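**Q** Provided herewith is a single structure, encoded as structure tokens, for subsequent inquiry.
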Amino acid sequence: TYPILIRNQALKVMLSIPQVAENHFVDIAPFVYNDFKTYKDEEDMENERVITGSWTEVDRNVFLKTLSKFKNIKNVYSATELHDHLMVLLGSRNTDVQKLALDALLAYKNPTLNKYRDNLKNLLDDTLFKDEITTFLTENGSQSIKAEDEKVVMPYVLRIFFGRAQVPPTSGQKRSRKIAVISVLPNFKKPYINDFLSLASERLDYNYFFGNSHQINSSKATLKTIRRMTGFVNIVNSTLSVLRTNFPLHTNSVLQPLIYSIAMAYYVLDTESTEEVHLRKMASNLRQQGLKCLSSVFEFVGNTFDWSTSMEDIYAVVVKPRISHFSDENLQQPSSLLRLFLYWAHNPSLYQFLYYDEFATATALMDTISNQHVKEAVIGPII
Amino acid sequence: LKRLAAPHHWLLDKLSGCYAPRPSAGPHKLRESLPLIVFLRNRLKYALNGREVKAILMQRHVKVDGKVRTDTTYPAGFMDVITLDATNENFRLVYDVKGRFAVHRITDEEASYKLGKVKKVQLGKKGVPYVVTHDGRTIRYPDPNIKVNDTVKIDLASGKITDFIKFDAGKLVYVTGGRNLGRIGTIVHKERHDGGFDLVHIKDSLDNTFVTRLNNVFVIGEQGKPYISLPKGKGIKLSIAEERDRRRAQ
Amino acid sequence: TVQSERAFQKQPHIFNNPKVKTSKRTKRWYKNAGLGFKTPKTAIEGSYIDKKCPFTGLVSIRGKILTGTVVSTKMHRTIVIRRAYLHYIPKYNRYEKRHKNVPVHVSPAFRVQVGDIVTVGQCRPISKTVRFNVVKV
Amino acid sequence: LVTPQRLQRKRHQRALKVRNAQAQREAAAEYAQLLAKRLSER
Amino acid sequence: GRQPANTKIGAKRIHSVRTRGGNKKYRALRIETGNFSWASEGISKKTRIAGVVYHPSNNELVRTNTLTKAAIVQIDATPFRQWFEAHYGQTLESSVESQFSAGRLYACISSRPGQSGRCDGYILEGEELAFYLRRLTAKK
RNA sequence: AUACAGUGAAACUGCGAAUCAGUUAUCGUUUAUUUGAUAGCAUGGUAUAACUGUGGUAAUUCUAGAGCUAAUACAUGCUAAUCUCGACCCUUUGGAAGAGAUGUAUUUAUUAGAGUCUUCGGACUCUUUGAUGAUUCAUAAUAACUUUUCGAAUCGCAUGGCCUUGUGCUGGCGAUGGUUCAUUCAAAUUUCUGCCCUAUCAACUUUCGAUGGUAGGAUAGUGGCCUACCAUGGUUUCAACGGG
């Protein structure tokens, strides 16, 4: 078959055995087959085929995944080999981004020369996915911190488009719509962690606007729910358990960062789903953050206490009782100062709020602080 | 690439051919270290010429302070030990009365440590402390009470330290250099200038003081406890005339 | 003064914090390159820059510390001193009048007087011909 | 050619790296013990 | 000595130079981008060089705009703009603030391109700002 | 010894190819080599040598042509994994649900680098760091830039063990390489004195650099080694300057 793929890539008679061409482009095979097949599809023309739209779609998905260099270059050659109208003004940007000399400012500058045409968006998203597929050890780091920061010079619609593009392979809304998810794949579970890292990178690069896309946010919630599902579905050989602990810590710290960075024009009226997911994360052990470096649990609770809007979805569950319990542990760590500041912020933002549930939460907080704030012996900072 | 202006404490004659062994690069300086060739050929005469010196080095036979080091021109100099399994011997090689290198004959439990004056101490990298002593033993992790011009007892089997030795009044010192070379004793007074020319001053039975620069001298030990058996019965070199006077007396 | 040139004069990398308020705008950098001296008040509360000076500039002093009498000050930041030392000759078996020229980069720490005795030491070579630096008049 | 010896040497390089690290970062702790002793002393 | 370099703006192209005793020096020619740094709170970013306005020893370089050390600049302002309005929540010193809608900033080069081959700017802020605006007034 | 196993020509690769004199400093440079520390893919492709051939050419260690095939030659490329806090238990010298932390090379900006109380035995809290004479020293943290450095696609002798006999997982001695620091060996400059005779040599150097200061370039670097800009210096009857 490798000799057959090489012979059909040498003899370039396309549209003669093109019956299962798009089916082979939608089917799976090895990498030695995939490189020769993408070379053959770039050697063809793809103007009139069985389905030229399906060929361009498989080219876009290959330039998305691509293993970050080789199929990215081959699919860029295929996309130029297709009907590449309004792309000869960006062929330099495409060749630079597919090449290993991808100066990111140069790629976003040649696209800023090819701008006001918007015919480079799918190629730029596939180049962003290729630059995001860098893996492990400090060269991947020096490339990823360049890529996620340099992609901020793009459209305000195309940023949410790239976020939804990351959302697509591991959204699973049809899996999580009924109750929760029930199927466990570690390879897609790692892509959830990659989406978590890319979303945290985009939030840290632009933490004012942050660009909320609702299906991407619900897919991040679905990834955290799959993490709690694996924790309840413990695989005690535990490579999956270590991967799930690596996914849930970064997932919680990323989901706290999006809310705590945007905090004004995001986190829409469907906050009850995130409150339900946080209730699922607290129903294991609500007081499991008694350390001073309590990451994202105390941050989400304190951000909900700080922003006065979130008290409704706070008092939906009994979550202020959980934060008061983690504060009212006996040997509590130096996060007790953040808990007392949370009591200060939640007094005039729940006891000066709506009486049905926010003043009820403030009454529960005052009843906690009357008989549980006794040991005030903070002999450290007088401030 | 040549020699014959060799340091004259090597017991080297003039009619041994022209060139002398050039000391290769190693632990010590050239002016105060003898190579294994001038040791094994014309210092204890276990060999005759360089061909058979190469034979008894590449016989896996010599072990300068714990390891083989097959190199003729290897500058194993001051305070090292040279063990040989055959001939039962360990040679701590030190200074003496006249200035040249006195051999010892050392047993095993004294031959399983040397000691070293520190040359400098710093902090190396990643927070780790940093000690280098006179032979290039750049050793990590000392005890924290580190001074400079200070003696550490190197375990010499595994290259760590086993004992620490400070320096102040009333603990022994031994000179390596100057006109007063190879001499012990430490009891007068501890004077220090700035810009050098200072010494821990040296005792005598007649209170004879020898003051040099402090780079040459370093601690052996304390009163009653030196950490090395000493050459030729604790050589202080009183006088040839006093030696003949003691000969006429006893 | 603050300038004599097209470029700018500034202590490199010893900068202030340009956001918060301090009443200096440049922390004038203290140093002493050795020799047991106490730091001069003109360096603690001075105004010049002088990259060849041993009290704010980054040059170091050690080695040959010598003395002599100032005779020439007409140059730019560099003065010539007179090591008026007597020599000996094997012919006459007497003493003779001898001196050589030694130039030294003067520092604006204390004033530049024609006639005083200086104590200057060997520095890393500041120029083509001058090798020492003024550490104290 | 992949031999029984080549992956043996690869395994030995792995073992040497992990043994050097698993001596070094423990010798750090046995230095920190003496530092803690002197900190309790002073 | 050896030959002059006189590196320019645009189209990065660097000679590979080995010199006396190892010490691989990067003889960069024709620098295109530059890493600059906020001098009062510490954020650095690669930033696209436009031009060189000032030379402190020879107005031949004010003519030909040759990149060297100690040459005052006006560069890009856009990645600092994107960080300035994308992480703040403010989306805005006062004379530094005056250089926002002008599309140009001001800084200085310290790393030698004929020696190190780098491209460094520090955003001048304070008496540096005062002296360099007085130098703009000295030119104009 | 059906991959190889002995010797092994050839060839590639690796390594090596006025003397000035005494005289200090290199906190102004690099430091090949030795030595000592030191760094958590059952392993891919070139592009060729020797050789086989076709010749020219009086001829050279002259060569072109094609067929070949090697790497410690050239050029790409990888595996969770460990240290903190550990509520609780069951007593710990633990094992624990998990709140966490993650190399190096270059460049810049910083920042840190400064008198009671007594089981008379004991405690009751007292200060952060390595120094020289001396630092923008040594070192640690963030931010990115790297025409992207390294973190072993290597070799010889044995090849032993664990038993779930896989064809697994392990494991010894040492040969080369390689990051950084130190050492050792060096270089290249630098402080102070000197030598041939002379006033029928008294003025010599800012000619087309003379001498400084400021920036820049060159530098392995201190440094007119040079560039421009600011200043008009500096040497000398002391035997200078010039000449023998």
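All chain E residue numbers match Swiss-Prot; in order, they span 30-121, 153-200.
Method reported for this entry: electron microscopy, 3.8 Å.
Cβ atoms are placed via backbone N, Cα and C, with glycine included.
Not my notes, these are from Swiss-Prot:
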- E:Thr62: phosphothreonine (MOD_RES)
- E:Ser66: phosphoserine (MOD_RES)
- E:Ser69: phosphoserine (MOD_RES)
- E:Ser73: phosphoserine (MOD_RES)
- E:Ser86: phosphoserine (MOD_RES)
- E:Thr107: phosphothreonine (MOD_RES)
- E:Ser154: phosphoserine (MOD_RES)
- E:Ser155: phosphoserine (MOD_RES)
- E:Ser158: phosphoserine (MOD_RES)
- E:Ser161: phosphoserine (MOD_RES)
**Q** Provide the number of Cβ atoms within 10 Å of the Cβ of E:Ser155 (phosphoserine), excluding the reference atom itself.
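**A** Within a 10 Å radius of the Cβ of E:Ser155 (phosphoserine) lie 12 other Cβ atoms.
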**Q** In three-state terms from DSSP, label E:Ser86 (phosphoserine) for me.
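**A** For E:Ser86 (phosphoserine) - judged by DSSP and reduced to three states - the answer is coil.
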**Q** Among the modified residues E:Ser66, E:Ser69, E:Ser73, E:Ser86, E:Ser154, E:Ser158, state which ones have a Cβ less than 8 Å from a Cβ of chain A, giving them in sequence order; state 'none' otherwise.
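**A** The modified residues close to chain A: there are none.
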**Q** Measuring Cα to Cα, how many angstrom lie between E:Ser158 (phosphoserine) and E:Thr107 (phosphothreonine)?
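**A** Here the two Cα atoms lie 15 Å apart.
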**Q** Filter the modified residues E:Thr62, E:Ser73, E:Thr107, E:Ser154, E:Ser155 down to those whose C-alpha lies within 10 angstroms of the C-alpha of E:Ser86 (phosphoserine); answer none if the list is empty.
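**A** Candidates kept after distance check: none.
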**Q** From the Cα of E:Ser73 (phosphoserine) across to the Cα of E:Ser66 (phosphoserine), what is the distance in angstrom?
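**A** The separation of the Cα atoms works out to 4 Å.
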**Q** Using a 10 Å cut-off on Cβ-Cβ distances across all protein chains shown, tell me which of the modified residues (E:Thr62, E:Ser161) has the largest neighbour count.
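**A** The largest 10 Å Cβ neighbour count belongs to E:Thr62.
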**Q** Mind sorting out which of the modified residues E:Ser69, E:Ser86, E:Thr107, E:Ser154, E:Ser155 are close to chain C, meaning Cβ under 8 Å from one of its Cβ atoms?
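**A** Checking chain C against the modified residues, the residues within range (Cβ-Cβ under 8 Å) are E:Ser69, E:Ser86.
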**Q** According to DSSP, which kind of secondary structure is E:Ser69 (phosphoserine) found in, if we only use helix, strand and coil?
**A** coil
**Q** Tally every other Cβ atom lying within 10 Å of the Cβ atom of E:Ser154 (phosphoserine).
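**A** So the number of other Cβ atoms within 10 Å of E:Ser154 (phosphoserine) is 5.
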**Q** Looking at the modified residues listed here (E:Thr62, E:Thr107, E:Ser154), whose Cα lies nearest to that of E:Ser161 (phosphoserine)?
**A** E:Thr107
**Q** Relative to the Cα of E:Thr107 (phosphothreonine), which of the modified residues E:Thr62, E:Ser69, E:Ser154, E:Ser155 has the closest Cα?
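**A** For E:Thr107 (phosphothreonine), the spatially nearest of the modified residues is E:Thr62.
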**Q** What is the interatomic distance between the Cα atoms of E:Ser73 (phosphoserine) and E:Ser155 (phosphoserine), given in whole Å?
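**A** So the Cα of E:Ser155 (phosphoserine) lies 20 Å away from that of E:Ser73 (phosphoserine).
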**Q** Between E:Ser69 (phosphoserine) and E:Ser154 (phosphoserine), how many Å separate their Cα atoms?
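**A** It is 14 Å, counting Cα to Cα.
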**Q** Between E:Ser155 (phosphoserine) and E:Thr62 (phosphothreonine), what C-alpha distance do you get in Å?
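**A** Per the Cα atoms, E:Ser155 (phosphoserine) and E:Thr62 (phosphothreonine) stand 25 Å apart.
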